[PDB]
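This report concerns only the one structure given below.
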Amino acid sequence: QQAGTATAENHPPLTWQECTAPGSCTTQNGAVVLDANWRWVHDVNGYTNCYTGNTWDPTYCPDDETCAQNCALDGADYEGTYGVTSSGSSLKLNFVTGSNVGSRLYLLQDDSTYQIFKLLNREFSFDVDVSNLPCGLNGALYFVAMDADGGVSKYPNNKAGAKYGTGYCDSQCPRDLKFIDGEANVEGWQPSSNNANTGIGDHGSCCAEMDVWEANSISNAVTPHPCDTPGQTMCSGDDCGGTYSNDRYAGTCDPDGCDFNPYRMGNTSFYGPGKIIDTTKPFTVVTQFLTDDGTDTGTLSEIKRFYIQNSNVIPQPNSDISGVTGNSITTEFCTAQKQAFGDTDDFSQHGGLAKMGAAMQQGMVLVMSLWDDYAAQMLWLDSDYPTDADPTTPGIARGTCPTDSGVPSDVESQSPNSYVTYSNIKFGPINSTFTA
Ligand SMILES: *[C@@H]1O[C@H](CO)[C@@H](O[C@@H]2O[C@H](CO)[C@@H](O[C@@H]3O[C@H](CO)[C@@H](O)[C@H](O[C@H]4O[C@H](CO)[C@@H](O)[C@H](O)[C@@H]4O)[C@@H]3O)[C@H](O)[C@H]2NC(C)=O)[C@H](O)[C@H]1NC(C)=O
Ligand SMILES: *[C@@H]1O[C@H](CO)[C@@H](O[C@@H]2O[C@H](CO)[C@@H](O)[C@H](O)[C@H]2NC(C)=O)[C@H](O)[C@H]1NC(C)=O
Ligand SMILES: OC[C@H]1O[C@@H](O[C@H]2[C@H](O)[C@@H](O)[C@H](O)O[C@@H]2CO)[C@H](O)[C@@H](O)[C@@H]1O
């Protein structure tokens, strides 16, 4: 894709902190950029649509390569069009703004380069306000093994780059992306039957994904997802796997992950409105990526979680599922959880924590987003899923929401002013970001 010129691009600023020891942090002057897929795609000459609703113009885009040459990703009016604002260390993402739904943003090191985090033997903390996230919404903060430059050095017809939010990948091998690897996705494009703005093409973009935070005011999950190749790679067709291929298990990434949602793990009192972590008020989420020998070059062995609210430091609750022990993600936990829930162990099939850790060693990009779910209504996060199962069977119940909740047309109509706000990002050695 070309770099658009109809609307100017300026990346909202966002501060965050690097910590060297508890209480000892310094400020980084970051910025964020909107993902390419939210942008208007305009022909470079006439400033007319290359993509309208969910179909492509056949003159500008007769094939994938020609489309990338003829079409540009426009700049973004972050607040006015996308409902994205920032102030200090805070980033607020609104749900519905005009015809726009949600957003996905990346943290930048500079105007052409995503910030790369090396998570092994480190800790990441942030504050979040999920009080205005009802059933069906997901404010997600997570890491993916994107290229720092958004693909530009590999793909000459990507002239837009990280400056325009190119290069996304995740463990779903997303095929909804209009541009992957310097080519459009017009060949094989199939408009979504239930989303006027989206479709699915033949190409998908795979990479490992560390879902630090997928949450609303009802439930949260922390979930690593390994891929056979840790970093970004293109897939084609059904063999992409992931949620929007015919068979989610046909590809090279684990679409399910090894998840810890305290409600799903048998403690419904822990997280939610008025609960031990009270989602009606902001709180701090700390995540630690421990290695087997406690050094930077060890193998990822354990992912731990702490919350801080009202200055009280609260560990993740223990699993209360028979057969599944502890409050952290480890190989043993993950093997046991899949067995107890009767879920296929795709996590182990794609290399588990060893392959997640390899992706972490490659470096990962921070993503902050807000979305609703045109495949499964977020029921996997906050309801009983699948909806035909007995909610008392271990693994089925994930939150309090009814099984008819989360339909996009309902939540976009009923909760347009919902939002998520992320703030006070801190990163550093284990125990450096909070009072351990
Ligand atoms: C859902 O998960 C939450 C979070 O883990 C869990 O709440 C925790 O419950 C335990 C047990 O009630 C609490 O631990 C006790 O806390 C009191 C007050 O601080 C202490 O006095 C207790 O100390 C005694 O017992 C300890 C062993 O448990 C001994 O080591 C100690 O020497 C004392 O004899 C004990 O630590 C804990 O504080 C809460 N945590 C929070 C944040 O509320 C809850 O039970 C889970 N709910 C369900 C339904 O499963
Ligand atoms: C990070 O801080 C934690 C909490 O103070 C340390 O873990 C405690 O370590 C002691 C000594 O082994 C144990 O007796 C406690 O049971 C631990 N508590 C918890 C909550 O795990 C931990 O060692 C620190 N990590 C590093 C690398 O310094
Ligand atoms: O595709 C929706 C959602 O699935 C999540 O995995 C589910 C899985 O679909 C379900 O079969 C299993 O029982 O539970 C897991 C965990 O909720 C996956 O984690 C999400 O990334 C994905 O968006």
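Chain labels run A, B, ... following the order of the structure tokens; each chain numbers its residues from 1, and ligands are numbered from 1 in the order shown.
Around residue 155 (chain A), within 9 Å and counting only C-alpha atoms, the residues found are residues 151, 152, 158, 159, 181, 182 and 183 of chain A, once anything fewer than 3 positions away on its own chain is removed.
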Around ligand 2, at most 6 Å away and counting only C-alpha atoms and all ligand atoms, which residues are there? Put them as an mmCIF file with N, CA and C atoms, in the first residue's frame, please.
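Contents of selection_5.cif, freshly written:
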```cif
data_model
loop_
_atom_site.group_PDB
_atom_site.id
_atom_site.type_symbol
_atom_site.label_atom_id
_atom_site.label_comp_id
_atom_site.auth_asym_id
_atom_site.auth_seq_id
_atom_site.Cartn_x
_atom_site.Cartn_y
_atom_site.Cartn_z
ATOM 1 N N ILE A 430 11.599 -8.210 36.766
ATOM 2 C CA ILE A 430 10.651 -8.770 37.710
ATOM 3 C C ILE A 430 10.678 -7.966 39.006
ATOM 4 N N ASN A 431 9.490 -7.670 39.516
ATOM 5 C CA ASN A 431 9.233 -6.904 40.743
ATOM 6 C C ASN A 431 9.521 -5.417 40.669
ATOM 7 N N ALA A 436 6.027 -5.783 45.448
ATOM 8 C CA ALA A 436 5.952 -7.232 45.522
ATOM 9 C C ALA A 436 5.956 -7.712 46.972
#
```
Selected residue of minimal separation from ligand 1 among A:62, A:386, A:352, A:266, counting only C-alpha atoms and all ligand atoms: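 Using only C-alpha atoms and all ligand atoms, the shortest distance to ligand 1 belongs to A:266.
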List every residue of chain A that has an atom at most 9 Å from any atom of ligand 3, giving for each one its closest atom pair and the distance in Å to one decimal, counting only C-alpha atoms and all ligand atoms, sorted by chain and then by ascending residue number, as CSV.
```
residue,atom,partner,partner_atom_place_in_ligand_line,distance
A:171,CA,ligand 3,21 (O),7.7
A:172,CA,ligand 3,21 (O),7.3
A:211,CA,ligand 3,21 (O),8.0
A:214,CA,ligand 3,21 (O),8.8
A:221,CA,ligand 3,17 (O),7.9
A:222,CA,ligand 3,19 (O),8.8
A:223,CA,ligand 3,19 (O),6.7
A:224,CA,ligand 3,19 (O),8.6
A:225,CA,ligand 3,21 (O),8.0
A:242,CA,ligand 3,1 (O),7.5
A:243,CA,ligand 3,1 (O),5.1
A:244,CA,ligand 3,1 (O),8.4
A:248,CA,ligand 3,1 (O),8.1
A:254,CA,ligand 3,18 (C),8.7
A:255,CA,ligand 3,18 (C),5.7
A:256,CA,ligand 3,6 (O),3.6
A:257,CA,ligand 3,19 (O),5.3
A:258,CA,ligand 3,16 (C),7.5
A:259,CA,ligand 3,16 (C),5.9
A:260,CA,ligand 3,16 (C),8.5
A:261,CA,ligand 3,17 (O),8.2
A:264,CA,ligand 3,17 (O),8.6
A:338,CA,ligand 3,13 (O),8.6
A:341,CA,ligand 3,13 (O),7.3
A:342,CA,ligand 3,13 (O),8.0
A:343,CA,ligand 3,13 (O),5.7
A:344,CA,ligand 3,11 (O),8.2
A:373,CA,ligand 3,23 (O),8.1
A:375,CA,ligand 3,1 (O),7.1
A:376,CA,ligand 3,2 (C),6.1
A:377,CA,ligand 3,2 (C),8.7
A:378,CA,ligand 3,2 (C),7.2
A:379,CA,ligand 3,2 (C),8.3
A:380,CA,ligand 3,17 (O),4.6
A:381,CA,ligand 3,17 (O),5.8
A:385,CA,ligand 3,13 (O),6.9
A:386,CA,ligand 3,11 (O),7.3
A:395,CA,ligand 3,13 (O),6.7
A:396,CA,ligand 3,13 (O),7.0
A:398,CA,ligand 3,17 (O),7.7
```
Keeping only C-alpha atoms, take the residues you just selected and write them out as a tab-separated table (two decimals), in the first residue's frame.
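Writing the result to out-v4.tsv gives the following:
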```
chain	number	residue	atom	x	y	z
A	171	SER	CA	-2.41	-16.28	16.19
A	172	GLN	CA	-5.69	-16.29	14.25
A	211	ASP	CA	-2.77	-12.02	25.10
A	214	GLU	CA	-8.67	-9.60	27.03
A	221	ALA	CA	-8.43	-13.87	30.30
A	222	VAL	CA	-4.64	-14.08	29.94
A	223	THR	CA	-3.63	-16.37	27.09
A	224	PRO	CA	-0.38	-17.23	25.26
A	225	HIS	CA	-0.82	-18.54	21.70
A	242	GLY	CA	-7.72	-19.52	12.66
A	243	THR	CA	-11.21	-18.39	13.44
A	244	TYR	CA	-12.28	-17.44	9.90
A	248	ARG	CA	-9.56	-23.20	12.94
A	254	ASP	CA	-2.84	-22.22	18.08
A	255	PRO	CA	-6.14	-20.28	17.79
A	256	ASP	CA	-7.31	-21.22	21.31
A	257	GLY	CA	-4.22	-20.68	23.47
A	258	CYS	CA	-3.61	-21.67	27.07
A	259	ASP	CA	-6.02	-19.38	28.89
A	260	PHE	CA	-6.50	-18.40	32.51
A	261	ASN	CA	-9.87	-16.68	33.14
A	264	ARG	CA	-13.69	-20.18	33.92
A	338	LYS	CA	-7.07	-28.89	28.27
A	341	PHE	CA	-12.09	-29.09	29.90
A	342	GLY	CA	-11.99	-31.61	27.04
A	343	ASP	CA	-10.48	-29.02	24.70
A	344	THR	CA	-7.98	-29.99	22.06
A	373	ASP	CA	-16.96	-10.21	17.96
A	375	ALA	CA	-17.79	-14.70	14.97
A	376	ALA	CA	-18.75	-15.68	18.52
A	377	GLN	CA	-20.16	-12.56	20.31
A	378	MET	CA	-17.40	-12.69	22.94
A	379	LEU	CA	-19.26	-15.60	24.53
A	380	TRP	CA	-15.95	-17.43	24.92
A	381	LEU	CA	-14.84	-14.64	27.25
A	385	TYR	CA	-19.67	-21.45	25.50
A	386	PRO	CA	-20.48	-23.33	23.41
A	395	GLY	CA	-14.82	-25.14	31.13
A	396	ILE	CA	-18.19	-24.01	29.79
A	398	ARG	CA	-16.68	-18.03	31.47
```
For chain A versus ligand 1, which residues have an atom no more than 10 Å away, and what is each residue's nearest atom pair and distance in Å rounded to one decimal, using only C-alpha atoms and all ligand atoms, chain-then-number order, as JSON lines?
```
{"residue": "A:262", "atom": "CA", "partner": "ligand 1", "partner_atom_place_in_ligand_line": "1 (C)", "distance": 8.1}
{"residue": "A:263", "atom": "CA", "partner": "ligand 1", "partner_atom_place_in_ligand_line": "1 (C)", "distance": 9.1}
{"residue": "A:265", "atom": "CA", "partner": "ligand 1", "partner_atom_place_in_ligand_line": "50 (O)", "distance": 9.6}
{"residue": "A:266", "atom": "CA", "partner": "ligand 1", "partner_atom_place_in_ligand_line": "50 (O)", "distance": 6.9}
{"residue": "A:267", "atom": "CA", "partner": "ligand 1", "partner_atom_place_in_ligand_line": "50 (O)", "distance": 4.7}
{"residue": "A:268", "atom": "CA", "partner": "ligand 1", "partner_atom_place_in_ligand_line": "49 (C)", "distance": 6.8}
{"residue": "A:269", "atom": "CA", "partner": "ligand 1", "partner_atom_place_in_ligand_line": "1 (C)", "distance": 5.6}
{"residue": "A:270", "atom": "CA", "partner": "ligand 1", "partner_atom_place_in_ligand_line": "1 (C)", "distance": 5.0}
{"residue": "A:271", "atom": "CA", "partner": "ligand 1", "partner_atom_place_in_ligand_line": "1 (C)", "distance": 8.7}
{"residue": "A:275", "atom": "CA", "partner": "ligand 1", "partner_atom_place_in_ligand_line": "43 (O)", "distance": 9.2}
{"residue": "A:276", "atom": "CA", "partner": "ligand 1", "partner_atom_place_in_ligand_line": "43 (O)", "distance": 5.9}
{"residue": "A:277", "atom": "CA", "partner": "ligand 1", "partner_atom_place_in_ligand_line": "42 (C)", "distance": 8.1}
{"residue": "A:307", "atom": "CA", "partner": "ligand 1", "partner_atom_place_in_ligand_line": "42 (C)", "distance": 9.5}
{"residue": "A:312", "atom": "CA", "partner": "ligand 1", "partner_atom_place_in_ligand_line": "42 (C)", "distance": 8.3}
{"residue": "A:313", "atom": "CA", "partner": "ligand 1", "partner_atom_place_in_ligand_line": "42 (C)", "distance": 8.1}
{"residue": "A:314", "atom": "CA", "partner": "ligand 1", "partner_atom_place_in_ligand_line": "42 (C)", "distance": 5.3}
{"residue": "A:315", "atom": "CA", "partner": "ligand 1", "partner_atom_place_in_ligand_line": "5 (O)", "distance": 6.6}
{"residue": "A:316", "atom": "CA", "partner": "ligand 1", "partner_atom_place_in_ligand_line": "5 (O)", "distance": 6.3}
{"residue": "A:317", "atom": "CA", "partner": "ligand 1", "partner_atom_place_in_ligand_line": "5 (O)", "distance": 3.7}
{"residue": "A:318", "atom": "CA", "partner": "ligand 1", "partner_atom_place_in_ligand_line": "5 (O)", "distance": 6.2}
{"residue": "A:319", "atom": "CA", "partner": "ligand 1", "partner_atom_place_in_ligand_line": "50 (O)", "distance": 8.4}
{"residue": "A:320", "atom": "CA", "partner": "ligand 1", "partner_atom_place_in_ligand_line": "50 (O)", "distance": 6.6}
{"residue": "A:327", "atom": "CA", "partner": "ligand 1", "partner_atom_place_in_ligand_line": "5 (O)", "distance": 8.7}
```
Cut-off 9 Å: closest region 233-293 of chain A/region 192-202 of chain A atom pairs per residue, using only C-alpha atoms, as CSV:
```
residue,atom,partner,partner_atom,distance
A:235,CA,A:202,CA,8.2
A:236,CA,A:202,CA,5.3
A:237,CA,A:202,CA,4.9
A:238,CA,A:202,CA,8.2
A:240,CA,A:202,CA,8.8
A:244,CA,A:200,CA,7.7
A:245,CA,A:200,CA,8.9
```
Same residues, C-alpha atoms, output as a PDB file, in the first residue's frame:
```
ATOM      1  CA  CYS A 235      -0.528 -18.088   4.897  1.00  0.00           C
ATOM      2  CA  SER A 236      -2.984 -18.796   2.101  1.00  0.00           C
ATOM      3  CA  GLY A 237      -6.420 -20.301   1.961  1.00  0.00           C
ATOM      4  CA  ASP A 238      -8.020 -22.846   4.289  1.00  0.00           C
ATOM      5  CA  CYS A 240      -4.378 -20.558   7.358  1.00  0.00           C
ATOM      6  CA  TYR A 244     -12.278 -17.443   9.898  1.00  0.00           C
ATOM      7  CA  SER A 245     -10.929 -20.398   7.989  1.00  0.00           C
TER       8      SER A 245
END
```
message: Using only C-alpha atoms, which protein or nucleic acid residues come within 12 Å of region 426-429 of chain A? Drop anything in the same chain fewer than 3 positions from it, and give the result as a PyMOL selection string.
response: chain A and resi 15-28+89+116-127+284-290+294-296+366+422-423+432-434
Residues near residue 415 (chain A), cut-off 8 Å, only C-alpha atoms, skip fewer than 3 positions along chain, as JSON, numbers by chain: {"A": [95, 134, 411, 412, 418]}
query: Just how far from CA of residue 34 (chain A) is CA of residue 76 (chain A), in Å to one decimal?
result: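 For CA of residue 76 (chain A) relative to CA of residue 34 (chain A), the distance reads 7.6 Å.
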message: From a backbone DSSP assignment, name each residue in region 215-377 of chain A labelled strand (DSSP E), as an MDAnalysis selection string.
response: chainID A and resid 215 220:225 233:236 271:272 277:278 283:291 300:309 312:315 364:372
Keeping C-alpha atoms for every residue in the selection just given, could you write it to a file as an mmCIF file, in the first residue's frame?
```
data_model
loop_
_atom_site.group_PDB
_atom_site.id
_atom_site.type_symbol
_atom_site.label_atom_id
_atom_site.label_comp_id
_atom_site.auth_asym_id
_atom_site.auth_seq_id
_atom_site.Cartn_x
_atom_site.Cartn_y
_atom_site.Cartn_z
ATOM 1 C CA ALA A 215 -11.437 -8.250 29.213
ATOM 2 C CA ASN A 220 -10.837 -11.325 31.802
ATOM 3 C CA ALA A 221 -8.429 -13.871 30.302
ATOM 4 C CA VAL A 222 -4.641 -14.080 29.943
ATOM 5 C CA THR A 223 -3.629 -16.370 27.090
ATOM 6 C CA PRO A 224 -0.379 -17.233 25.258
ATOM 7 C CA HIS A 225 -0.817 -18.543 21.699
ATOM 8 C CA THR A 233 4.456 -15.074 8.015
ATOM 9 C CA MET A 234 1.824 -15.145 5.306
ATOM 10 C CA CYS A 235 -0.528 -18.088 4.897
ATOM 11 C CA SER A 236 -2.984 -18.796 2.101
ATOM 12 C CA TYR A 271 -13.285 -10.433 39.156
ATOM 13 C CA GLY A 272 -16.306 -8.352 38.147
ATOM 14 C CA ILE A 277 -11.151 -6.925 41.836
ATOM 15 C CA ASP A 278 -13.990 -4.467 41.425
ATOM 16 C CA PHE A 283 -7.161 -1.173 38.692
ATOM 17 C CA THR A 284 -3.606 -2.209 37.865
ATOM 18 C CA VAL A 285 -2.734 -5.418 36.013
ATOM 19 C CA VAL A 286 0.785 -6.869 36.438
ATOM 20 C CA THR A 287 2.058 -9.759 34.344
ATOM 21 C CA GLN A 288 5.409 -11.542 34.770
ATOM 22 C CA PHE A 289 7.110 -13.716 32.177
ATOM 23 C CA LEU A 290 9.389 -16.011 34.147
ATOM 24 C CA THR A 291 12.060 -18.273 32.716
ATOM 25 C CA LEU A 300 9.721 -19.193 29.283
ATOM 26 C CA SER A 301 8.351 -21.350 32.101
ATOM 27 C CA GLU A 302 5.624 -19.475 33.934
ATOM 28 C CA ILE A 303 3.318 -16.514 33.402
ATOM 29 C CA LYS A 304 2.138 -14.909 36.646
ATOM 30 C CA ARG A 305 -0.523 -12.291 37.323
ATOM 31 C CA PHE A 306 -1.083 -9.789 40.133
ATOM 32 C CA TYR A 307 -3.703 -7.067 40.405
ATOM 33 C CA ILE A 308 -3.439 -3.872 42.453
ATOM 34 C CA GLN A 309 -6.542 -1.941 43.465
ATOM 35 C CA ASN A 312 -3.806 -3.798 47.748
ATOM 36 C CA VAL A 313 -1.665 -6.296 45.854
ATOM 37 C CA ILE A 314 -3.797 -9.336 45.015
ATOM 38 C CA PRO A 315 -2.441 -12.483 43.315
ATOM 39 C CA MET A 364 7.014 -8.212 20.221
ATOM 40 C CA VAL A 365 4.840 -5.168 19.565
ATOM 41 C CA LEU A 366 2.308 -3.774 22.066
ATOM 42 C CA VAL A 367 -1.269 -3.645 20.824
ATOM 43 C CA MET A 368 -4.169 -1.825 22.489
ATOM 44 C CA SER A 369 -7.618 -2.353 21.024
ATOM 45 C CA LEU A 370 -11.372 -2.390 21.533
ATOM 46 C CA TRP A 371 -13.573 -4.756 19.547
ATOM 47 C CA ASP A 372 -16.797 -6.687 19.341
#
```
- request: List the neighbours of residue 32 (chain A) out to 7 Å using only C-alpha atoms; skip same-chain residues closer than 6 positions along the sequence, and give me the result as a list in words.
  value: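 Selected residues are residues 11, 12, 13, 14, 105, 106, 107 and 108 of chain A.
Atom pair CA of residue 384 (chain A) / CA of residue 410 (chain A) has a distance of 18.4 Å (rounded to one decimal).
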- request: Using DSSP on the backbone coordinates, identify all residues within region 90-272 of chain A classified as helix (DSSP H, G or I); present the result as a ChimeraX atom specification.
  value: /A:162-164,237-240
With N, CA and C atoms retained, could you export that selection as a PDB file, in the first residue's frame?
```pdb
ATOM      1  N   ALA A 162       4.938   1.174   9.234  1.00  0.00           N
ATOM      2  CA  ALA A 162       4.493   1.369  10.600  1.00  0.00           C
ATOM      3  C   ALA A 162       3.859   2.736  10.807  1.00  0.00           C
ATOM      4  N   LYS A 163       4.293   3.728  10.042  1.00  0.00           N
ATOM      5  CA  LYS A 163       3.704   5.066  10.113  1.00  0.00           C
ATOM      6  C   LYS A 163       2.191   5.051   9.884  1.00  0.00           C
ATOM      7  N   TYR A 164       1.713   4.064   9.138  1.00  0.00           N
ATOM      8  CA  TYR A 164       0.299   3.864   8.867  1.00  0.00           C
ATOM      9  C   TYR A 164      -0.221   2.547   9.417  1.00  0.00           C
ATOM     10  N   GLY A 237      -5.292 -19.403   2.062  1.00  0.00           N
ATOM     11  CA  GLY A 237      -6.420 -20.301   1.961  1.00  0.00           C
ATOM     12  C   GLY A 237      -6.805 -20.940   3.288  1.00  0.00           C
ATOM     13  N   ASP A 238      -7.547 -22.034   3.176  1.00  0.00           N
ATOM     14  CA  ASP A 238      -8.020 -22.846   4.289  1.00  0.00           C
ATOM     15  C   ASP A 238      -6.916 -23.216   5.258  1.00  0.00           C
ATOM     16  N   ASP A 239      -5.722 -23.450   4.729  1.00  0.00           N
ATOM     17  CA  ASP A 239      -4.615 -23.876   5.565  1.00  0.00           C
ATOM     18  C   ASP A 239      -4.106 -22.772   6.474  1.00  0.00           C
ATOM     19  N   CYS A 240      -4.630 -21.563   6.344  1.00  0.00           N
ATOM     20  CA  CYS A 240      -4.378 -20.558   7.358  1.00  0.00           C
ATOM     21  C   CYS A 240      -4.863 -20.989   8.734  1.00  0.00           C
TER      22      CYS A 240
END
```
query: CA of residue 363 (chain A) to CA of residue 145 (chain A): how many Å, to one decimal?
result: 6.3 Å
With 7 Å as the cut-off and only C-alpha atoms counted, what is the closest atom pair between each nearby residue of region 136-228 of chain A and region 63-69 of chain A? Distances in Å to one decimal, ordered by chain and number, as a Markdown table.
```
| residue | atom | partner | partner_atom | distance |
| --- | --- | --- | --- | --- |
| A:157 | CA | A:68 | CA | 6.4 |
| A:182 | CA | A:68 | CA | 6.6 |
| A:183 | CA | A:64 | CA | 5.1 |
| A:184 | CA | A:64 | CA | 4.4 |
| A:185 | CA | A:64 | CA | 5.8 |
| A:186 | CA | A:64 | CA | 5.7 |
| A:187 | CA | A:63 | CA | 6.0 |
```
So that I can see what lies close to residue 335 (chain A), please list as a PDB file with C-alpha atoms, in the first residue's frame the residues with an atom at most 9 Å from it, counting only C-alpha atoms and leaving out residues fewer than 2 positions away in the same chain.
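Just written: part-v9.pdb:
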```
ATOM      1  CA  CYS A 258      -3.605 -21.675  27.074  1.00  0.00           C
ATOM      2  CA  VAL A 324      -5.811 -28.245  37.440  1.00  0.00           C
ATOM      3  CA  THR A 330       2.894 -23.342  33.098  1.00  0.00           C
ATOM      4  CA  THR A 331       3.219 -26.403  30.867  1.00  0.00           C
ATOM      5  CA  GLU A 332       1.697 -28.565  33.580  1.00  0.00           C
ATOM      6  CA  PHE A 333      -1.274 -26.204  34.074  1.00  0.00           C
ATOM      7  CA  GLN A 337      -6.545 -27.569  31.773  1.00  0.00           C
ATOM      8  CA  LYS A 338      -7.071 -28.888  28.265  1.00  0.00           C
ATOM      9  CA  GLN A 339      -7.638 -32.400  29.670  1.00  0.00           C
ATOM     10  CA  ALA A 340     -10.089 -31.212  32.334  1.00  0.00           C
ATOM     11  CA  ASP A 345      -4.409 -29.328  23.159  1.00  0.00           C
ATOM     12  CA  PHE A 347      -1.175 -25.188  22.513  1.00  0.00           C
ATOM     13  CA  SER A 348       1.094 -28.191  22.960  1.00  0.00           C
TER      14      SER A 348
END
```
message: Need to verify the contact set: residue 40 (chain A), 7 Å, only C-alpha atoms, exclusion of same-chain residues closer than 2 positions in sequence. Can you return it as a PyMOL selection string?
response: chain A and resi 38+42+73-74
Output of the above residues as a PDB file, in the first residue's frame, restricted to N, CA, C and O atoms:
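Below you can see again30.pdb, which holds the result:
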```
ATOM      1  N   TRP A  38      -8.240  -0.046   9.487  1.00  0.00           N
ATOM      2  CA  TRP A  38      -9.295   0.928   9.820  1.00  0.00           C
ATOM      3  C   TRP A  38      -9.310   2.108   8.877  1.00  0.00           C
ATOM      4  O   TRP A  38     -10.255   2.891   8.913  1.00  0.00           O
ATOM      5  N   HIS A  42      -7.643   4.943  -0.589  1.00  0.00           N
ATOM      6  CA  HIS A  42      -7.937   5.869  -1.688  1.00  0.00           C
ATOM      7  C   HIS A  42      -7.001   5.628  -2.856  1.00  0.00           C
ATOM      8  O   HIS A  42      -5.828   5.301  -2.680  1.00  0.00           O
ATOM      9  N   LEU A  73      -3.219   3.984   1.932  1.00  0.00           N
ATOM     10  CA  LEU A  73      -3.851   4.029   3.236  1.00  0.00           C
ATOM     11  C   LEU A  73      -3.891   5.464   3.740  1.00  0.00           C
ATOM     12  O   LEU A  73      -2.847   6.097   3.922  1.00  0.00           O
ATOM     13  N   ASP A  74      -5.069   5.995   3.961  1.00  0.00           N
ATOM     14  CA  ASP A  74      -5.190   7.394   4.328  1.00  0.00           C
ATOM     15  C   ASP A  74      -4.749   7.636   5.760  1.00  0.00           C
ATOM     16  O   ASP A  74      -4.737   6.718   6.599  1.00  0.00           O
TER      17      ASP A  74
END
```
